Each structure stands twice: as structure tokens, then as C-alpha cells.
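The block underneath contains the structure these notes are about, expressed in C-alpha cells.
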Amino acid sequence: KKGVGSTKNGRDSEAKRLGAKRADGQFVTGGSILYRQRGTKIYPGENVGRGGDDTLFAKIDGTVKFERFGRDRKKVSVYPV
Amino acid sequence: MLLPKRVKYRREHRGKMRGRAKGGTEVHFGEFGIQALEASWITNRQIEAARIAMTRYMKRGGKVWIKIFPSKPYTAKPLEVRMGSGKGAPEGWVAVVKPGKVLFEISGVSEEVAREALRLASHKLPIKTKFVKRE
Amino acid sequence: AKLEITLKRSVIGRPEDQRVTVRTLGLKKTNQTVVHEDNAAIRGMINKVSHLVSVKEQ
RNA sequence: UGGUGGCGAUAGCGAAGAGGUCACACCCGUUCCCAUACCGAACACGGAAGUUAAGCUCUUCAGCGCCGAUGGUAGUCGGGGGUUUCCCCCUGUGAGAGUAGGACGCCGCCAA
RNA sequence: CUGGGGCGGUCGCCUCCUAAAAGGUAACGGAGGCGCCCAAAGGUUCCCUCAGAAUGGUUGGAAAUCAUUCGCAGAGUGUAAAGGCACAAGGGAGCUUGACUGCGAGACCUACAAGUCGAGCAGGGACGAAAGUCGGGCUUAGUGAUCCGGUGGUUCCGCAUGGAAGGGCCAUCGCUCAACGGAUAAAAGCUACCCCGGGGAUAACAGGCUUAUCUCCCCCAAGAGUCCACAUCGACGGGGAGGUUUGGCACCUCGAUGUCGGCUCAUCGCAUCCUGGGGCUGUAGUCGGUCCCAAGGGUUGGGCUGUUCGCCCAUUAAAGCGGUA
RNA sequence: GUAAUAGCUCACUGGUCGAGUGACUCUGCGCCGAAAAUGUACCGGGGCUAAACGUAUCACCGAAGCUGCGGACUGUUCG
RNA sequence: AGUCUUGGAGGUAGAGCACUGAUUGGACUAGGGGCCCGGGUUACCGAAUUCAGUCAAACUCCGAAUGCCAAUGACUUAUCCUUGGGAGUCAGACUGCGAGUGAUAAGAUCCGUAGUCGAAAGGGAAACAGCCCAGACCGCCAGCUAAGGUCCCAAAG
RNA sequence: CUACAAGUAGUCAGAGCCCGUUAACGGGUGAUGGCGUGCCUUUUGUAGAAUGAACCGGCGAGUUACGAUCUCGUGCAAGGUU
């Protein structure tokens, strides 16, 4: 028998549950978050706000819609009734 | 014994040799080439054996144009060892090959000579092959 | 229009999704005739299965 | 024409040309406001002798970039098969790349 | 924890891949970082835009600084990486301290504990003319419970009453408690003199799967062979068989499967040591080499070593290789 | 083939003869490559040249599936 | 809940080289030689640039199928939520698919996904937990079929 | 019933033979054919070459007090109870 070891590549961070949390056409309350992220994969739009964690929340109640800032750049927005 | 000078990661997954090749499916640098009919990994020792074989058969002949390069490394743990305790150490270098892929070409030389040289190389290689020419 | 649907084949060893499509059609036993209408939804459903089922438009 | 907004550069880059009495600019000088890590380049302040050269508008083009089909193919859910480190068949879906081609702008509001 | 255990290594947090186009997802899988830093590297207002290249030009030099055109970005973003940012989140200047107090609809993540975002209200402010932004930093790590004590403040209680001691509430300090959800404030080893409870959930023998390794066979054939590849050898390379080796995995067996060698007893396979029959020969003959068919029978006695194996002596037609726990 | 030569052959050419005869690609099914241990021993056996393989067609068998007939129980809706 | 429709986020397969890295060949060539008189030649090496070409889990100009999240209605299907009482389970196995470690070896190990077993008898696969077909209240000396089969063992060509 | 037959020992089919019931498609044997690897535990999985039992009989294991909580029931109800 032999003896070996020392992998030193055996860890990783805790998974942080990013991505969208509400869907297009879905009704939303005030203050609800929509898209956890890091930096801006997506920007805010109308009646939507960004936080210190680059997270997107609805300032009001309404319905969600995702769109594009012209080219190669996305957006969300809340539109009320 | 070809080698990539420098590499990001000395250790990679092995991968999967599904499907046919993307490119390099037809001779265009040379005239008379060889292609594969299977999929396999190929080593620098294999390719240099084939290369020196054809060049010895030809003895001055024209140009070759290998069409590959063993970028991939492959590991192998030391001998008589249990499982685990990290990934094995690198051993050598490998080129991955799909079918329909051209490996060696030839120009400057007649068809019979080319076919014989490529035959000799095929017998040094593991896989099934076909003789091919430019359109 | 209308159409009858029958279980030519069993669900044992089939995934839950198409199993539940069957049960949604109202099928609990093999060789069970069930009537529905020639609706596009139902047609898509029997397409989604299409290998447990025999169909006969009335 | 000028100002000001909207639409993924189909708006752009690039080449060639035309115009400016009005307008927009360039442009003439700092005494004041203010300014330049240096200063009237710029920013501010005032001016209008002359200039369409530039900028700005209007034409042209398809060289670059951009958009982009149809068909086909890879891939693939599902079903089935086989000599199964993979391969094949069927309904269905279906790209990328490469083409056909499109395009050197569309829409608004105000002022003369 | 552990592909038996021990020794080694690691133990918490952050980033990426693996990860299978939501999220999540393991392994002693692959790569790297943290246990901070800035009183300006923060806030606000206003300003502008990088790296490199080519030209010209003392010292200036390949490479400072210089003007110069090209230049979506090759630079920078306090730090690792990913995501993202050039209308700035990057770079400058002025003024300042919102790196505030009380809070918080409603959401995310989540077993719990906890962690995260948050418009908006009030108070008082900073910058700005104004709109308006500011509850730290470009986002994600930069940290730990409770108990116990300590410090400060407090229209709380204070054992008959008044005080007090002491306690409570608020703010805060003290732990690499790093084995990082921390058993104690406080702790290392031997057991072959050992014992109990259990396990084939887990190791040594044997069996089984695999066959990397081992043995054997084969392909191409350069070359050796005076010449000549293939009489005999056969490089660099390639493909298989067997399941006698070293091994890997842990499938039966720990309410017991006795483990090397030797004796006796044999038995089977043939990849044949001899004997038999042949081909080829770099076979003159005698002897041989190699290959093919053949497993009927046979296949030694001693010295040394526990030995297997091996070396040696002397013989033999020959002194076979292996399987049968 | 010889030490070299010599010699034998061959490519090639002509003649006789009077119909096919020779190179290649793809593809189906097969051959060798191919050996192990109590006994044929990798069709389950017999045995099969169709009783194998490929395509297609129709029949039949074939389960506690399903149906038929009859009983028990539970549940839902109105015995 | 399922399906249909509609809209979304998501960057995997695949493909590609626009980034980062790796890489083949060619052309030209800075430059450096060797040769002749500061030049003048050399294919002696040769930077960058360029043409064409291959490759990538930790690379993307691109980008699916599927899956995921919701809305509308349609059709169908009935299970969904809360509170409370009571539990057991935390040794999992194989198979198919996608991946890792391994030697792209293991009835190996570890993950995801679907199934079966577990906790499931019956028919076939000779026998044969996990494969194919299919789900057992009970009886019947009735019938139709699935998988698999039809010369005899053994029902049927 | 049984001396050419292999069988977790039975079951189903079934002839022959012998009987005659709690009188009903009855009873005992059973040649022969078909199917069929015991029970319990523990296991991913056991016919298991994993465990336990020689057999028969008897004895032999989740209860009681106190308290809490939930359900059901009864009584009385903003009042119930000692």
C-alpha cells in the first residue's frame, strides 16, 4: 500500500439564489424584488428601483414586463392598471 | 513529441467524442490526404511515429501538413493506489478526433507513393481510415 | 367533433407527467374507452402521449 | 433651416459632391460675472469685420461595419432499435455558419 | 471526515467551473482568495475619458515626460475571481461627514438560528440655484452564538419605610471558542497482559467484477541480418486473449470461511519439457533454431535456506508452465 | 543468379487462338484472426441448412392485464 | 394539476473565432546575419502584419430543443391550502440518459434526471430483486390481447 | 399406495381401490402429469453457503401513579370547580 493526498482544491462558496423571482405578466406588490443579480445583467425601468446589492424591486403594485434597451441590453418595468 | 508550450489548466475533463468533426474534413493544403472513420484520442508519440514513417518512405517528398495538435492533456494516477485523494498527475498530451476528420495531408508526390505512406501511418494509428484527395 | 381514446398500453414504467396526462383524460385502466371533443388542447395532449393510446374519431 | 425627443447602427464608418442673405457655426477681443493645476483652447463675458473651408444640413455608393430571410444540416424533447467509450430509425422542433437580399434613416412637437 | 483504520490533508466564509440554458445540486473533483483596507479610496455638485501603436523631437535610453493622428475599451474599477460599468460605477476639483436617529409597507433566501433588499414617513442635516441624491464604499467575503463579566447612560425595580447594594432596559467592549452553529473556565499518550457490546454498514486470506499491471499472442515494418524486412531478431507505434502476479472496488462470510511452506493423495487445461508426426531454415552431416498438429504416458536425487522462488553438485529422454479456497 | 561476370527471366513487341477480361468506389451477409483449467458447456436442450437472417402480410397461442358472469367491502352521488 | 395559446428570464447542447488562451501552413517583412563595394546582393535565420486553417469545462459575435416562471381564456381533471394530533424515515440498489473521479475499467464511487425494486405478486427473459410487458378483493374448467413466441421438450404457422 | 426412481415434500388436475357424512357438486388413499428453493430476523438485496430455533407443553415483553397537551363525550356556561 501507498500514501498520498494534498488536493487543496476542495471548497466553494455558498450558493446565492440569484436570477429572476417574478415573471412577466405577473402581478406584483410594492417593494417586491424581481431579479437578484451582481452588477447589471438587467437594468431597472419604470416604477422600478435598484439597491445597493444591484437588486431590482418594484416601487409600486402592478404587472411586470421585461424589454430591451435597444440593443444587447435588457430592462424590466412595472406598469399598473 | 509535440507539446503545447503553455496552458491555462494542466488538468481537464476528458470529454465526449460524439458526432462528426467541425472542420478539417477535406484536404485543402495538400493533394492526397487521409481521414478517419471513427473517433478516438491520439498521442504525440503516435503522430510522430506516423510522421517519421511517411517521411522515411518518401525520403525527400514534398510537404505533409499534419492537421491536428495534441492540445489536450491526460492524467494518470501513480501505480498501485487507492481511489480518491485528488486528481492524478498529467502524463502526456492528446489530440481528440472525430470521424470525417483529416489527419495528414500530402503534396509534391504521386498518388501511389502517397497512398502507401498513408497506409504505413494508418498501421501506426489505432483507428480506421480512408484515403482521400482534393476536389 | 368527438373522438374515442383507448389505452393500448400501460403506464407502469412511464414518467409521472404523461401518466398524469392519462389520468387527466380520465383513464384508470387499460383498454378504457373515453370520449372527448376534437379540441386542439386534447389533440396536443394525445400528441404528447401518442404511444400509449389508440384514437378513433367518431 | 434651427431647437428638442422617440425607434436595436436598416440610423453607423468611409469616399465623393453642393449651401449658409436669415438661421447654426467658425470667427474678434477680455472691461467687467467666471475661468483656466498653464491660459479667454474650453468654460463665462461682450461683439459681429469675414468664412463656407471645418462643424451642420441635402444628395449620391454597398468598400468596411449593420440587419437578414427560405431551403438544407448539426443538435434535440418524445418513442423505438442496435455490433452501445457510440451509432441508427420515426412524428415533431430547429439553430449557428454560409447565402438570397435589405439598407448610407423612420417617426414626432416647437420656432421663421 | 476518511473509497478500512492510522500517518498525511482538511474543518468557517467568498468567486468560478463541474452545474446538464430558472434556482439548487455531491465527491480527499478542478482553480483561486478572506479573517482586511480608505477619514478619503465615503456623500454631494461640477467637470472628462483610458491602455497601447506610429511620427517628430537633449539628458531621454527599448521604455519616462512631450505635442501629434489612430484609436468601445486591448486600460482602470483598493483586494481573488465572476458579473457589470465609458450617459460612468473609471479619473480630477470644490464643499462636506447620510460611514445619521427612530422606523418600515412589502419581498428574497431559509428547517431553525440567522442572512439580504427595500420604496416611503418623521426628525434633524450635507451638497446643489433647483429638481433632486445621500441610512458607506461597483456588487458579492472581510467574521461567531449564548452564559459570564466590564464601561457609559437611564421620568424602571429596589424584599417594613428612605437610600444603598444589586438587578433590569439602551449603547458598547472582551474568544483564531480556526474542530469557525462553539460539549467544560480548565485536559496528552501506551496496551502484545487486556475486556464488553456490535459489524461483513469496514480492513488481512480465499472467492467475485475489472484487468491499469503481469503473462501470452498478433498487426505495420523501418532496420539488424555481408547482399536480402519477414531463416532468426524487430525499434518508434498499434490491437487483442487469459485471469496464475502486484493491484483497484468492497459484493457473501466477523452468532468464526484457519492463514505460508512441506508430506500423502491425486486431478484438469495446454500456451508441450521429453517422446511421436511434419513445414521453413542463414537445414552439408551429427546437433540445432523457429513454427504447426498433438495432453497418451512420463516429467530425478541431493546441499543451503522455514521457506516458495532461487543458486550450486551430480544425473536424466526430459528434469514443463499453470488451475483446483 | 554471379565475387564480377556469365546465364535464366521479365517489361515490351509480333504470331496462333478465337469471347469477355481487368482496375476501382460503396454496400448486405459471411471466413480467419480464436487458448484454461470437476464434463459437451456463449442456442435452455433436442435438434435445425430452415426450425437462421432481412422485408412485408395474415392467422393463432400467450398474464392474476382487459372483458364476461356471480359474490364481499369501501367511497361518491341520489336502494 | 395536465394540455393548448401568449409573454418572459436563463447562455447549456450545437456552432463559431469577435475577446482570452492554445495551435498548422503559406505570403510579405522589421530586424539580425553571411557575401561585395555609408551602402549593394542574398529566399541564412527572421519580429510584427496579412491570407487561409484547427481547438476549448473554467473562451463567446451567436444560440436551440426541453425544462422553469407567470397571465388569459378554452377543454379535461380533482387535488390543493391552513390549523391541530400521531408517526416512521436520514445504510439505499440496479437500469437508461447527461456529467465528474477512475484507465471515458469495474455489479466501482459520487451527482442530476426518469423508471423498477425496496414496499409488487403475475407472463417473458432457461433459471435469474432492479431488464421487456403488466399491477392481484374473491371465485369460474369462458373469451380478446401485450411482451415473447408457434418442429418436439412446450400452447400455438 | 410403494422396490427405473431423483425434487422445501405440498398444491392443482386425475385414474384405480376402500368407505359411507353434521348429506353435500361426500370422505381416505393416492399411480401419473403440471407449478413450486422453508419460517423469523436483518438487509440495497437472503432459498440462502448470514442469524435463531431439536421437538412438545407451560411461563414470557410497551404497563401503573402523578402532571401536561390534543381529540371525543357529558354537565354547566362568562362562570366552571373544589
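Identifiers for the C-alpha cells are assigned positionally: chains receive A, B, ... in sequence, residues are indexed from 1 per chain, and ligands are indexed from 1 in the order shown.
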
When DSSP is applied to the backbone of this structure, which of chain C are assigned helix (DSSP H, G or I)? Write them out as a short mmCIF file (atom, residue, chain, number, x, y, z; two decimals) with N, CA and C atoms, in the first residue's frame.
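Contents of selection20.cif, as written:
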```
data_model
loop_
_atom_site.label_atom_id
_atom_site.label_comp_id
_atom_site.auth_asym_id
_atom_site.auth_seq_id
_atom_site.Cartn_x
_atom_site.Cartn_y
_atom_site.Cartn_z
N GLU C 16 -44.22 10.42 -14.62
CA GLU C 16 -45.39 10.96 -13.96
C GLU C 16 -46.15 11.91 -14.86
N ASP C 17 -45.45 12.66 -15.70
CA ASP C 17 -46.10 13.72 -16.46
C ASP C 17 -47.11 13.16 -17.44
N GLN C 18 -46.72 12.14 -18.19
CA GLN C 18 -47.64 11.57 -19.15
C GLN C 18 -48.60 10.62 -18.46
N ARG C 19 -48.17 10.02 -17.35
CA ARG C 19 -49.12 9.29 -16.52
C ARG C 19 -50.27 10.19 -16.08
N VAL C 20 -49.95 11.42 -15.67
CA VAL C 20 -50.99 12.29 -15.17
C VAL C 20 -51.79 12.87 -16.31
N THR C 21 -51.19 13.03 -17.49
CA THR C 21 -52.00 13.39 -18.65
C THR C 21 -53.07 12.34 -18.89
N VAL C 22 -52.70 11.08 -18.78
CA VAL C 22 -53.66 10.00 -18.95
C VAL C 22 -54.75 10.10 -17.91
N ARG C 23 -54.36 10.21 -16.65
CA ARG C 23 -55.34 10.29 -15.59
C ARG C 23 -56.22 11.52 -15.74
N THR C 24 -55.70 12.56 -16.37
CA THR C 24 -56.47 13.76 -16.62
C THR C 24 -57.48 13.53 -17.73
N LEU C 25 -57.11 12.72 -18.70
CA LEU C 25 -58.08 12.30 -19.70
C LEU C 25 -59.16 11.46 -19.08
N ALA C 40 -58.10 21.38 -29.74
CA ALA C 40 -56.68 21.45 -30.02
C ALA C 40 -55.85 21.10 -28.80
N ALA C 41 -56.33 21.47 -27.62
CA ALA C 41 -55.64 21.12 -26.39
C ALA C 41 -55.52 19.62 -26.26
N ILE C 42 -56.64 18.94 -26.40
CA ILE C 42 -56.68 17.50 -26.26
C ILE C 42 -55.86 16.84 -27.36
N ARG C 43 -55.87 17.42 -28.54
CA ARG C 43 -55.07 16.88 -29.63
C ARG C 43 -53.59 17.00 -29.31
N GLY C 44 -53.19 18.12 -28.72
CA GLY C 44 -51.82 18.26 -28.28
C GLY C 44 -51.48 17.28 -27.18
N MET C 45 -52.46 16.97 -26.35
CA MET C 45 -52.23 16.03 -25.27
C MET C 45 -51.97 14.63 -25.81
N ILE C 46 -52.83 14.17 -26.71
CA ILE C 46 -52.63 12.85 -27.26
C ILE C 46 -51.42 12.83 -28.16
N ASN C 47 -50.97 13.98 -28.65
CA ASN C 47 -49.68 14.01 -29.32
C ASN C 47 -48.56 13.83 -28.32
N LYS C 48 -48.70 14.47 -27.17
CA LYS C 48 -47.68 14.36 -26.13
C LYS C 48 -47.55 12.94 -25.65
N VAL C 49 -48.63 12.17 -25.72
CA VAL C 49 -48.52 10.76 -25.39
C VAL C 49 -48.24 9.96 -26.65
#
```

Next on the checklist: Counting only C-alpha atoms (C1' of nucleotides), a student should be able to say which residues of chain G come within 10 Å of chain B; what is the right answer, written as a list in words?
Outcome noted: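 The complete set of qualifying residues is residues 15, 16, 21, 22, 23, 24, 25, 26, 52, 53, 54, 55, 56, 57, 58, 99, 100, 101, 102, 103, 104, 108 and 109 of chain G.
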
Deliver the residues from the most recent selection as a file, using C-alpha atoms (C1' of nucleotides), as a PDB file, in the first residue's frame.
```pdb
ATOM      1  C1'   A G  15     -21.794  26.122 -33.771  1.00  0.00           C
ATOM      2  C1'   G G  16     -18.025  29.915 -34.197  1.00  0.00           C
ATOM      3  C1'   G G  21      -5.704  31.179 -24.268  1.00  0.00           C
ATOM      4  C1'   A G  22      -3.679  27.166 -27.331  1.00  0.00           C
ATOM      5  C1'   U G  23      -2.302  25.936 -32.424  1.00  0.00           C
ATOM      6  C1'   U G  24      -0.756  24.436 -38.523  1.00  0.00           C
ATOM      7  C1'   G G  25       0.926  26.136 -43.131  1.00  0.00           C
ATOM      8  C1'   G G  26       1.901  29.985 -46.583  1.00  0.00           C
ATOM      9  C1'   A G  52      -6.256  30.513 -45.282  1.00  0.00           C
ATOM     10  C1'   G G  53      -6.907  26.902 -41.429  1.00  0.00           C
ATOM     11  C1'   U G  54      -7.820  23.594 -36.499  1.00  0.00           C
ATOM     12  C1'   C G  55      -9.307  23.595 -30.971  1.00  0.00           C
ATOM     13  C1'   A G  56     -11.519  24.838 -25.515  1.00  0.00           C
ATOM     14  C1'   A G  57     -15.161  22.589 -18.812  1.00  0.00           C
ATOM     15  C1'   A G  58     -13.237  27.212 -16.172  1.00  0.00           C
ATOM     16  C1'   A G  99     -21.554  14.511 -16.120  1.00  0.00           C
ATOM     17  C1'   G G 100     -17.350  14.026 -12.765  1.00  0.00           C
ATOM     18  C1'   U G 101     -13.093  10.812 -10.163  1.00  0.00           C
ATOM     19  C1'   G G 102     -11.045   6.385 -12.369  1.00  0.00           C
ATOM     20  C1'   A G 103      -7.583   3.899 -17.141  1.00  0.00           C
ATOM     21  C1'   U G 104     -14.265   7.683 -20.712  1.00  0.00           C
ATOM     22  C1'   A G 108     -16.932   0.814  -8.626  1.00  0.00           C
ATOM     23  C1'   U G 109     -17.759   5.614  -6.418  1.00  0.00           C
TER      24        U G 109
END
```

Checklist entry - Neighbours of residue 140 of chain G within 12 Å (only C-alpha atoms (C1' of nucleotides); same-chain residues fewer than 5 positions away dropped), as a PyMOL selection string? => result chain F and resi 68-71

So that I have them on file, write out the residues from the current selection with N, CA, C and O atoms (P, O5', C5', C4', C3', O3' and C1' of nucleotides), as a PDB file, in the first residue's frame.
```pdb
ATOM      1  P     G F  68     -67.446  -6.213 -18.473  1.00  0.00           P
ATOM      2  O5'   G F  68     -67.934  -7.694 -18.737  1.00  0.00           O
ATOM      3  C5'   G F  68     -68.538  -8.013 -19.972  1.00  0.00           C
ATOM      4  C4'   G F  68     -68.899  -9.469 -20.054  1.00  0.00           C
ATOM      5  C3'   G F  68     -69.638 -10.011 -18.857  1.00  0.00           C
ATOM      6  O3'   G F  68     -71.005  -9.663 -18.891  1.00  0.00           O
ATOM      7  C1'   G F  68     -67.941 -11.520 -19.484  1.00  0.00           C
ATOM      8  P     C F  69     -71.717  -9.084 -17.580  1.00  0.00           P
ATOM      9  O5'   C F  69     -71.910 -10.384 -16.704  1.00  0.00           O
ATOM     10  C5'   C F  69     -72.451 -11.544 -17.299  1.00  0.00           C
ATOM     11  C4'   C F  69     -72.468 -12.704 -16.350  1.00  0.00           C
ATOM     12  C3'   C F  69     -72.629 -12.358 -14.891  1.00  0.00           C
ATOM     13  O3'   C F  69     -73.952 -12.006 -14.553  1.00  0.00           O
ATOM     14  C1'   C F  69     -70.927 -13.939 -15.110  1.00  0.00           C
ATOM     15  P     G F  70     -74.207 -10.933 -13.394  1.00  0.00           P
ATOM     16  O5'   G F  70     -73.792 -11.733 -12.101  1.00  0.00           O
ATOM     17  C5'   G F  70     -74.396 -12.980 -11.847  1.00  0.00           C
ATOM     18  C4'   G F  70     -73.776 -13.665 -10.670  1.00  0.00           C
ATOM     19  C3'   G F  70     -73.511 -12.773  -9.491  1.00  0.00           C
ATOM     20  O3'   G F  70     -74.678 -12.443  -8.779  1.00  0.00           O
ATOM     21  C1'   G F  70     -71.642 -14.127  -9.847  1.00  0.00           C
ATOM     22  P     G F  71     -74.559 -11.415  -7.571  1.00  0.00           P
ATOM     23  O5'   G F  71     -73.899 -12.307  -6.451  1.00  0.00           O
ATOM     24  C5'   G F  71     -73.829 -11.821  -5.139  1.00  0.00           C
ATOM     25  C4'   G F  71     -72.709 -12.458  -4.377  1.00  0.00           C
ATOM     26  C3'   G F  71     -71.993 -11.534  -3.425  1.00  0.00           C
ATOM     27  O3'   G F  71     -72.722 -11.321  -2.238  1.00  0.00           O
ATOM     28  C1'   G F  71     -70.408 -12.690  -4.686  1.00  0.00           C
TER      29        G F  71
END
```

Proximity of chain C to chain F: per-residue shortest pair, 10 Å limit, only C-alpha atoms (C1' of nucleotides), as a Markdown table:
```
| residue | atom | partner | partner_atom | distance |
| --- | --- | --- | --- | --- |
| C:9 | CA | F:65 | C1' | 9.6 |
| C:10 | CA | F:65 | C1' | 8.7 |
| C:29 | CA | F:66 | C1' | 8.1 |
| C:30 | CA | F:66 | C1' | 6.4 |
| C:31 | CA | F:66 | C1' | 6.2 |
| C:32 | CA | F:66 | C1' | 8.5 |
```

Checklist entry - What residues in chain B lie within 12 Å of chain E, counting only C-alpha atoms (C1' of nucleotides), written as a VMD selection string? => result chain B and resid 1 8 to 13 15 42 to 57 76 to 88 116 to 128

Checklist entry - chain A residues within 10 Å of chain B, counting only C-alpha atoms: which ones, as a list in words? => result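 Output check: residues 1, 2, 3, 4, 5, 6, 7, 8, 9 and 10 of chain A.
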
Next on the checklist: Applying 6 Å and only C-alpha atoms (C1' of nucleotides), which residues near residue 73 of chain B remain after dropping the ones on its own chain fewer than 5 positions away? List them as a PyMOL selection string.
Outcome noted: chain B and resi 92-94

Report as a tab-separated table: every residue of chain A with an atom at most 12 Å from chain E, its closest pair of atoms, and their distance in Å to one decimal, counting only C-alpha atoms (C1' of nucleotides), with rows sorted by chain and ascending residue number.
```
residue	atom	partner	partner_atom	distance
A:1	CA	E:247	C1'	9.2
A:2	CA	E:247	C1'	11.2
A:3	CA	E:8	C1'	7.8
A:4	CA	E:8	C1'	7.3
A:5	CA	E:9	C1'	6.1
A:6	CA	E:9	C1'	5.3
A:7	CA	E:28	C1'	6.7
A:8	CA	E:9	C1'	8.1
A:9	CA	E:30	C1'	6.8
A:10	CA	E:29	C1'	7.7
A:11	CA	E:10	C1'	9.9
A:12	CA	E:15	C1'	8.2
A:13	CA	E:14	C1'	5.9
A:14	CA	E:14	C1'	8.3
A:15	CA	E:24	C1'	8.1
A:16	CA	E:109	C1'	7.9
A:17	CA	E:23	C1'	6.2
A:18	CA	E:23	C1'	7.4
A:19	CA	E:22	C1'	7.2
A:20	CA	E:22	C1'	7.6
A:21	CA	E:108	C1'	7.8
A:22	CA	E:107	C1'	10.4
A:23	CA	E:22	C1'	10.8
A:28	CA	E:107	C1'	9.6
A:29	CA	E:106	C1'	6.7
A:30	CA	E:106	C1'	5.7
A:31	CA	E:106	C1'	4.9
A:32	CA	E:107	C1'	4.0
A:33	CA	E:107	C1'	5.5
A:34	CA	E:107	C1'	8.7
A:35	CA	E:108	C1'	9.3
A:36	CA	E:108	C1'	8.1
A:37	CA	E:83	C1'	8.0
A:38	CA	E:139	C1'	5.2
A:39	CA	E:84	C1'	4.5
A:40	CA	E:84	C1'	5.4
A:41	CA	E:84	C1'	7.1
A:42	CA	E:84	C1'	9.7
A:43	CA	E:84	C1'	10.8
A:47	CA	E:119	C1'	9.8
A:48	CA	E:119	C1'	9.3
A:49	CA	E:119	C1'	8.2
A:50	CA	E:117	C1'	9.1
A:51	CA	E:117	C1'	6.6
A:52	CA	E:139	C1'	7.4
A:53	CA	E:139	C1'	5.6
A:54	CA	E:139	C1'	6.2
A:55	CA	E:117	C1'	6.8
A:56	CA	E:117	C1'	8.3
A:57	CA	E:118	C1'	7.4
A:58	CA	E:119	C1'	7.9
A:59	CA	E:119	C1'	5.1
A:60	CA	E:119	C1'	7.8
A:61	CA	E:106	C1'	9.9
A:73	CA	E:84	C1'	11.7
```

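Using only C-alpha atoms (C1' of nucleotides), the residues found no farther than 10 Å from residue 8 of chain D, other than those of its own chain fewer than 4 positions away, are residues 68, 69, 70, 71, 72 and 73 of chain A; 67 of chain D.
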
Could you write those residues out with N, CA and C atoms (P, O5', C5', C4', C3', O3' and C1' of nucleotides), as a PDB file, in the first residue's frame?
```pdb
ATOM      1  N   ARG A  68     -35.978  45.405 -23.759  1.00  0.00           N
ATOM      2  CA  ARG A  68     -34.600  45.630 -24.146  1.00  0.00           C
ATOM      3  C   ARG A  68     -34.321  47.118 -24.279  1.00  0.00           C
ATOM      4  N   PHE A  69     -33.171  47.545 -23.756  1.00  0.00           N
ATOM      5  CA  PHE A  69     -32.643  48.881 -24.023  1.00  0.00           C
ATOM      6  C   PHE A  69     -32.029  48.900 -25.413  1.00  0.00           C
ATOM      7  N   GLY A  70     -32.892  48.991 -26.411  1.00  0.00           N
ATOM      8  CA  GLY A  70     -32.414  48.980 -27.773  1.00  0.00           C
ATOM      9  C   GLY A  70     -31.685  47.694 -28.064  1.00  0.00           C
ATOM     10  N   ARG A  71     -30.369  47.782 -28.138  1.00  0.00           N
ATOM     11  CA  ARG A  71     -29.537  46.647 -28.469  1.00  0.00           C
ATOM     12  C   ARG A  71     -28.888  46.077 -27.218  1.00  0.00           C
ATOM     13  N   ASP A  72     -28.719  44.755 -27.240  1.00  0.00           N
ATOM     14  CA  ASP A  72     -27.904  43.946 -26.318  1.00  0.00           C
ATOM     15  C   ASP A  72     -27.907  44.458 -24.882  1.00  0.00           C
ATOM     16  N   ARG A  73     -29.099  44.753 -24.378  1.00  0.00           N
ATOM     17  CA  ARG A  73     -29.223  45.302 -23.038  1.00  0.00           C
ATOM     18  C   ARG A  73     -30.679  45.272 -22.612  1.00  0.00           C
TER      19      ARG A  73
ATOM     20  P     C D  67     -26.031  42.720 -36.869  1.00  0.00           P
ATOM     21  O5'   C D  67     -27.390  42.874 -37.669  1.00  0.00           O
ATOM     22  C5'   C D  67     -28.374  43.770 -37.199  1.00  0.00           C
ATOM     23  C4'   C D  67     -29.540  43.875 -38.141  1.00  0.00           C
ATOM     24  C3'   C D  67     -30.171  42.559 -38.533  1.00  0.00           C
ATOM     25  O3'   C D  67     -31.084  42.102 -37.558  1.00  0.00           O
ATOM     26  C1'   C D  67     -29.837  43.879 -40.459  1.00  0.00           C
TER      27        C D  67
END
```
